[PDB]
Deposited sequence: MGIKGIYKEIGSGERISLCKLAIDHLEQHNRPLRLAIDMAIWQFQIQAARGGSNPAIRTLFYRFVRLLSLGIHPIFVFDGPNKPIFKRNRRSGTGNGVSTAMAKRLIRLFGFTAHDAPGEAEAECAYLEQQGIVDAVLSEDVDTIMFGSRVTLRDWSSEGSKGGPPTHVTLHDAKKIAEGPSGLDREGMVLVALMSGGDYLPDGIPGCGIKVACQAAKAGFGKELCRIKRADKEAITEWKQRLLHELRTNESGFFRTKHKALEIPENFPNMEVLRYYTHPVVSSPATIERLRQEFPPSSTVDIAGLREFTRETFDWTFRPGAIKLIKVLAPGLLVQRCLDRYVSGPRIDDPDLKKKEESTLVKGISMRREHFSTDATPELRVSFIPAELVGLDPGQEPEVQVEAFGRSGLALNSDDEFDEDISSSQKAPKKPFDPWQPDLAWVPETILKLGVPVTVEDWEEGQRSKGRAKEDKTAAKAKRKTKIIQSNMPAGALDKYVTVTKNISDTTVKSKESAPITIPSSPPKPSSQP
């Protein structure tokens, strides 16, 4: 749930992660900070086949993509209140990313971190994050349109635009929507009441009123008999019809379920404060660590496996190295050859950069046993956001720019 929510709030803006990451880097002068709920992986990585551990392999490639986007991720795990959690946490550490355990539900924690300013957006499986206080919420990190290929885009929902759009649904309203019609995930919901009726009750204002009331029987019995009377007669015309068959359980509205949404179990103030000092971390990618991980987990063994790690990892490391920080510069970028504004990044300016993968990664395939091909000591080419390049290798970008103006 909430089932049919997108008919009411819109299915969302659809947008390149690159574009979000780079717009934010341009506006706020630092990389986008993203809370990712580790639940999004369950039905997404199971399609992967072949080789060893194809599910954690896809996680690996998504992490390399995050490096390329220059995004500081914090992956949030559910708390007590077939990819191992331990293996995921290890791979997260190796990549210099952050792992965080929610005390309860991860989506609630993700929204909380956003509210408290630890992250700028949440990436989650659905828009429940909005009932929990999220303002910018992303879902469905995946490829675009008829292209069954690389995952470049996400679906963005803005709690502010939704509240001021046709649905009227803000945090308060949705809350009512699922007390009244969330009879599968929650107790004492109204049988026969679905999204339409619940929604037009939210609009009438019943969700605002309910959220501003002590959890004070005298006033919660009042609200109920306004709502109940209004459903029966539609005197104010808040509905499209009368609803006399709609029978309301004695125990509705369950105030303990209201508690679960308005005051969800999240980290303590002390924990929020530790995250302010420690996130994002000052961590670099553990290269030797990842070499050992990929040997053990994917059987990327011996020289072929060393060369495979290098090819896959190097564009990522380049971007990451750029965002850290008469002047060398070349130790990252050998040259630039072209510029484009591609539909896949929603016209984010990119420069065609050259680099030496093995040099950049710092692994020598020769120290490992031998068993049109890819040579990691030849120059490789990658498109990299012009903005990132300007921060990281400014005089190379300048030199290319004059080259162009001639």
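- No alpha-carbon coordinates exist for the deposited sequence positions 1, 83 to 96, 231, 342 to 354, 401 to 430, 466 to 530, given here in order along the chain.
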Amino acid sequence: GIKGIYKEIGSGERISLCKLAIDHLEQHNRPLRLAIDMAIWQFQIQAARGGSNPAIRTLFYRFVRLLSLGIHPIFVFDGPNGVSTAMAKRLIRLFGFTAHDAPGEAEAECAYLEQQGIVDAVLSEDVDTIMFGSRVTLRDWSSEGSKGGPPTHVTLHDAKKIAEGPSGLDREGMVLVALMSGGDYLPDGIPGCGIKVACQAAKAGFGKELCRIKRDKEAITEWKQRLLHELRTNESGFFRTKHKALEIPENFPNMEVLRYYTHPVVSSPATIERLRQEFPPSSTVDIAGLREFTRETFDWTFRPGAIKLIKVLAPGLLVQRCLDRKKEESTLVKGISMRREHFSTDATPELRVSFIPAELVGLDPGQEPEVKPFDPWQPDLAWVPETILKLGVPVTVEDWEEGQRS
From here on, numbers count along this sequence of modelled residues.
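Superpose the two forms; the largest set of C-alphas matching within 1.5 Å is the rigid core.
- In 4 other deposited structures of this protein, superposed on the rigid core, the segment with the larger root-mean-square CA displacement between 43 to 51 and 341 to 349 is 43 to 51.
- With 328 to 336 and 129 to 137 as candidates, the stretch whose CA atoms show the greater average offset from this form in 4 other deposited structures of this protein after a core fit is 328 to 336.
- Where the other entries of this protein model the residues before and after it, residue 215 is dropped from at least a third of them.
- Modelled in this chain, residue 147 is nonetheless unresolved in at least one third of the other entries of the protein that span it on both sides.
- Looking at 24 to 32 and 358 to 366 together, the entry lists the larger mean B-factor for 358 to 366, computed on C-alpha atoms.
- According to the PDB record, 224 to 232 carries the higher mean C-alpha B-factor of the two stretches 224 to 232 and 94 to 102.
- Among 89, 72, 208, 308, the highest C-alpha B-factor recorded in the PDB entry belongs to 208.
- The PDB entry assigns its highest CA temperature factor, among 152, 301, 134, 283, to 283.
- In the deposited entry, the Cα temperature factor of residue 341 places it in the middle third of its chain's modelled residues.
- Ranked against the other modelled residues of its chain, the C-alpha B-factor of residue 322 as given in the entry falls in the middle third.
- Sort the modelled residues of the chain by CA B factor and residue 59 lands in the lowest third.
- In the PDB entry, a CA B factor belonging to the middle third of its chain's modelled residues is recorded for residue 125.
- The PDB entry assigns residue 47 a C-alpha temperature factor belonging to the highest third of its chain's modelled residues.
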